[PDB]
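Participant: Following this line is query-v3.cif, made up of mmCIF, C-alpha atoms:
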```cif
data_start
#
loop_
_atom_site.label_atom_id
_atom_site.label_comp_id
_atom_site.auth_asym_id
_atom_site.auth_seq_id
_atom_site.Cartn_x
_atom_site.Cartn_y
_atom_site.Cartn_z
CA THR A 5 20.82 29.27 -42.22
CA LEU A 6 22.82 30.53 -39.26
CA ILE A 7 21.27 32.86 -36.74
CA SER A 8 22.24 34.77 -33.65
CA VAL A 9 19.82 35.45 -30.81
CA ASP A 10 20.16 37.12 -27.42
CA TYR A 11 18.62 35.68 -24.24
CA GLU A 12 17.93 36.53 -20.62
CA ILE A 13 16.52 34.01 -18.17
CA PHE A 14 14.63 35.06 -15.03
CA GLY A 15 13.85 33.03 -11.92
CA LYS A 16 15.86 30.96 -9.45
CA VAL A 17 18.70 30.94 -11.95
CA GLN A 18 21.76 31.91 -9.88
CA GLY A 19 23.29 29.59 -7.29
CA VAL A 20 22.02 26.61 -9.28
CA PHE A 21 24.95 25.97 -11.63
CA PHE A 22 22.99 27.51 -14.52
CA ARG A 23 26.03 28.71 -16.50
CA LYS A 24 27.77 25.30 -16.35
CA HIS A 25 24.66 23.50 -17.58
CA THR A 26 23.96 26.14 -20.22
CA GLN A 27 27.46 25.79 -21.67
CA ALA A 28 27.16 21.96 -21.67
CA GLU A 29 23.77 22.04 -23.41
CA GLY A 30 24.95 24.61 -25.98
CA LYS A 31 27.97 22.47 -26.79
CA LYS A 32 25.78 19.34 -27.04
CA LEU A 33 23.61 21.18 -29.59
CA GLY A 34 26.53 22.41 -31.70
CA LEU A 35 26.06 26.01 -30.64
CA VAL A 36 28.58 28.73 -29.88
CA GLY A 37 28.12 31.94 -27.92
CA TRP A 38 28.29 32.78 -24.24
CA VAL A 39 26.48 32.83 -20.89
CA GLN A 40 26.90 35.35 -18.03
CA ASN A 41 25.29 36.21 -14.70
CA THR A 42 23.81 39.72 -14.49
CA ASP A 43 23.68 42.16 -11.63
CA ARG A 44 19.88 41.79 -11.51
CA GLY A 45 19.96 38.07 -10.57
CA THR A 46 19.38 36.75 -14.13
CA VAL A 47 21.42 34.82 -16.68
CA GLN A 48 22.06 36.32 -20.14
CA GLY A 49 24.00 35.64 -23.30
CA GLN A 50 23.97 35.04 -27.06
CA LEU A 51 23.45 31.79 -29.04
CA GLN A 52 24.74 31.31 -32.59
CA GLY A 53 24.28 28.40 -34.97
CA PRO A 54 21.86 26.63 -37.28
CA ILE A 55 18.25 27.71 -36.71
CA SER A 56 17.13 24.22 -35.76
CA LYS A 57 19.76 23.86 -33.08
CA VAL A 58 19.06 27.36 -31.71
CA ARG A 59 15.37 26.47 -31.32
CA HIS A 60 16.25 23.34 -29.31
CA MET A 61 18.36 25.53 -27.03
CA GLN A 62 15.63 28.12 -26.65
CA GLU A 63 13.24 25.40 -25.46
CA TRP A 64 15.87 24.21 -22.98
CA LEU A 65 16.37 27.78 -21.68
CA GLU A 66 12.65 28.36 -21.19
CA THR A 67 11.67 24.85 -19.99
CA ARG A 68 14.52 22.97 -18.32
CA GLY A 69 17.71 24.81 -17.37
CA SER A 70 19.93 23.34 -14.69
CA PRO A 71 18.44 20.68 -12.35
CA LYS A 72 17.88 23.01 -9.38
CA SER A 73 16.75 26.05 -11.38
CA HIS A 74 13.25 27.43 -11.49
CA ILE A 75 12.58 29.43 -14.66
CA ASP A 76 10.05 32.29 -14.42
CA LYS A 77 10.63 33.66 -17.91
CA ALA A 78 13.00 33.52 -20.87
CA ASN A 79 13.20 36.65 -23.04
CA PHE A 80 14.72 36.37 -26.51
CA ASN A 81 15.58 39.26 -28.77
CA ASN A 82 17.75 40.57 -31.58
CA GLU A 83 17.41 37.45 -33.66
CA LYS A 84 19.33 37.92 -36.91
CA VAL A 85 20.73 35.88 -39.77
CA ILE A 86 24.54 35.84 -39.73
CA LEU A 87 26.94 34.85 -42.50
CA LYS A 88 29.42 33.11 -40.21
CA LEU A 89 29.85 32.43 -36.50
CA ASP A 90 31.26 35.21 -34.27
CA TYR A 91 32.53 32.63 -31.76
CA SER A 92 34.42 29.31 -31.89
CA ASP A 93 33.22 27.90 -28.51
CA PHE A 94 30.50 28.36 -25.88
CA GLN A 95 32.09 30.43 -23.11
CA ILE A 96 31.15 31.15 -19.50
CA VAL A 97 31.90 34.82 -18.87
CA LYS A 98 33.43 35.07 -15.38
#
```
How does this structure look as structure tokens?
Facilitator:
Amino acid sequence: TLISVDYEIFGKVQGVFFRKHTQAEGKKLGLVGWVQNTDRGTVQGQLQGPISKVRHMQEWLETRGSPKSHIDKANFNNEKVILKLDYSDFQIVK
């Protein structure tokens, strides 16, 4: 079963190479989607892939992040089953 879920990560999450590490971890886990800095100092995006792989990523986003990050909170929402992927890679949105 494939799912899509949205995320936003709060904390010391900008200026700590969060997007680069997020993309690398997503790719390692066989996930597609995207990551983007927000105007409110957070990191946001969407993950898509097998449920099991998405859960691994969610733990990473709430627990680990990039080496220099400090994560205050990870909010997940809009989880939904999808019939096929909407993306073919894990992109950093400039």
Participant: Tell me which protein, DNA and RNA residues are within 8 Å of segment 66-72 of chain A, counting all atoms listed in the file, leaving out same-chain ones fewer than 4 positions away, and put them as a PyMOL selection string.
Facilitator: chain A and resi 13+20-22+25-26+62+77-78
Participant: Report the residues retrieved by the PyMOL selection byres ((chain A and resi 80) around 6) from the displayed file, expressed as a list in words.
Facilitator: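 Taken on the displayed file, the PyMOL selection byres ((chain A and resi 80) around 6) yields the residues residues 10, 11, 79 and 81 of chain A.
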Participant: So the first atom is atom CA of residue 47 of chain A and the second is atom CA of residue 27 of chain A; what is the distance between them in Å, to one decimal place?
Facilitator: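 Pair atom CA of residue 47 of chain A / atom CA of residue 27 of chain A returns 12.0 Å.
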Participant: Between A:53, A:82, A:44, A:74, which is the closest to residue 6 of chain A once you count all atoms listed in the file?
Facilitator: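 Among A:53, A:82, A:44, A:74, it is A:53 that comes nearest to residue 6 of chain A.
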Participant: Check the smallest atom-to-atom distance from each of A:29, A:86, A:94, A:8 to residue 63 of chain A using only C-alpha atoms, then report the winner.
Facilitator: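 Nearest to residue 63 of chain A: A:29.
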Participant: Please, which residues are within 10 Å of (29.3, 31.3, -36.7) by the file's coordinates, counting only C-alpha atoms, and could they come as a ChimeraX atom specification?
Facilitator: /A:6-8,35-37,51-54,86-93
Participant: For the atom pair atom CA of residue 55 of chain A and atom CA of residue 73 of chain A, what is the interatomic distance in Å to one decimal place?
Facilitator: 25.4 Å
Participant: From (18.2, 33.7, -10.4), in the file's coordinates, out to 8 Å: which residues are reached, counting all atoms listed in the file? Answer as a PDB file with C-alpha atoms, keeping the file's coordinate frame.
Facilitator:
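Dumped to selection_30.pdb:
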```pdb
ATOM      1  CA  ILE A  13      16.520  34.010 -18.170  1.00  0.00           C
ATOM      2  CA  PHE A  14      14.630  35.060 -15.030  1.00  0.00           C
ATOM      3  CA  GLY A  15      13.850  33.030 -11.920  1.00  0.00           C
ATOM      4  CA  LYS A  16      15.860  30.960  -9.450  1.00  0.00           C
ATOM      5  CA  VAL A  17      18.700  30.940 -11.950  1.00  0.00           C
ATOM      6  CA  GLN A  18      21.760  31.910  -9.880  1.00  0.00           C
ATOM      7  CA  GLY A  19      23.290  29.590  -7.290  1.00  0.00           C
ATOM      8  CA  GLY A  45      19.960  38.070 -10.570  1.00  0.00           C
ATOM      9  CA  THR A  46      19.380  36.750 -14.130  1.00  0.00           C
ATOM     10  CA  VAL A  47      21.420  34.820 -16.680  1.00  0.00           C
ATOM     11  CA  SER A  73      16.750  26.050 -11.380  1.00  0.00           C
TER      12      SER A  73
END
```
Participant: Report the distance between atom CA of residue 57 of chain A and atom CA of residue 41 of chain A in Å, rounded to one decimal place.
Facilitator: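 The value is 22.8 Å.
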Participant: Pick out the closest residue to residue 97 of chain A from this set: A:61, A:40, A:9, A:24. Count all atoms listed in the file.
Facilitator: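 Answer, going by the shortest atom-to-atom distance: A:40.
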Participant: Using only C-alpha atoms, can you tell me which of A:58, A:12, A:48, A:84 comes closest to residue 96 of chain A?
Facilitator: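 Between A:58, A:12, A:48, A:84, the residue approaching residue 96 of chain A most closely is A:48.
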Participant: Using only C-alpha atoms, can you tell me which of A:43, A:33, A:38, A:98 comes closest to residue 59 of chain A?
Facilitator: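 The answer is A:33, which sits nearest to residue 59 of chain A.
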